[PDB]
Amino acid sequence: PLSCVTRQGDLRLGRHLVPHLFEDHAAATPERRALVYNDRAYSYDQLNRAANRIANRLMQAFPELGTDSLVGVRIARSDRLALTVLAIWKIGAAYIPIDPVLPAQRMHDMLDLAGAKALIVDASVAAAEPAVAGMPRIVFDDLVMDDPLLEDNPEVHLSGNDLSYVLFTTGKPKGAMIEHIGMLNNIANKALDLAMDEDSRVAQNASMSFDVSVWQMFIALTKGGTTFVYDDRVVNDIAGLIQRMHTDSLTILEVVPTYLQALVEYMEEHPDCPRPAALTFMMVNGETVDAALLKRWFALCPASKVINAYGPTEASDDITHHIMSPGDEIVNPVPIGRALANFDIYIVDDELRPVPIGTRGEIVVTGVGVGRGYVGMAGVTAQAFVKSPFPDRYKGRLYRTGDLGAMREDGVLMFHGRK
């Protein structure tokens, strides 16, 4: 057999994109708690009303913004960031996260490559830093001001093929273009594999420069649950984050292996302290995890399952999940797992021919989450985004990951480094 797994079409995604799923919950259960950021708690209705004020004032300021318009957002992770992104999406546009800690010349490159139409900052950034001629800048604090006349949903038409965000990753940065439907597919797969419901409590702990911060911020809002934003000050204090996850009764947490190690070490060294005993799932991603660390995690959090997650920013976050339970035979190397639904994955030679099961080759992927390429970089886009030679039910896109891997007889994928 050849190294092919096909899941295109496996998962119906429903009628509504991410912002609209949030709107559905705000209408159905306005008073449920939607988002917590330190001392600030928003109900669904409060979050929606504030996002709508922002959205409507953005359309007043920039009447031409809409489909595939790109808006930079230089706001630190917070309720303010979530609100601003939601507002941008509601008016049909897409955003670029530009962490305030990034230097200005990085911001310039990001906005120029993307052809961004405007930049939204908050008051602290505006006070620290000048606006740049040619790049309209507007301030969160003004956009979100009270006005009961500006609180209805914009009801701009959104299409799944429209951009939702451009995420940049030594050369000039490369801005991967992700569409609403790919973003939704990643969220839909995760909501199923993390057994989410309206009681889910999801950590938003990753840096906004990493694409995983997107599903972390919004997945709970598509399910009626709660996002807990854990900013850099909180995540940098391991003891404090653990105590927060305990007191928040957090259920879902994603980390990279070195941070997982810090959490595990702390709990082992402090067995007296409260633990994140409500966690149902810990997801690990970003770098290779080892079996012994996973087993140490399972000893500390026996009520949890773990998902090893892999995939490129270019395909809307992950393309495989490896779900593990405490009783499982967990050995090195840890698999990167099973294809997400609505993707096909192949291990191929340099000519894109699938190789026999067990042979190493390049991981390449087709399906609903393969994005558009790199904004303003047609050439580097052409190096990795090519027409699929395989059957396709979407837009015919293939992405070459530049990663080596191999496929097991059961279709489980293994990661073997960079090609």
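From 1 onward, residues are counted along the sequence shown.
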property	result
Between residue 169 and residue 170 - deposited residues without coordinates, as a size class	1 to 3
Stretch exceeding the other in mean C-alpha B-factor - 45-53, 355-363	355-363
Higher-scoring stretch by recorded Cα B factor average, 222-230 or 100-108	100-108
Member of 134, 240, 175, 312 with the greatest C-alpha B factor (per the PDB record)	134
Per the PDB entry, maximal CA B factor within 254, 290, 198, 265	290
Where the record places residue 378 (Cα B-factor, split into thirds across the chain)	highest
Position of residue 59 among the chain's modelled residues by C-alpha B-factor, lowest, middle or highest third	middle
Relative C-alpha B-factor of residue 396, binned into the chain's lowest, middle or highest third	highest
Position of residue 346 among the chain's modelled residues by C-alpha B-factor, lowest, middle or highest third	highest
Where the record places residue 69 (Cα B-factor, split into thirds across the chain)	middle
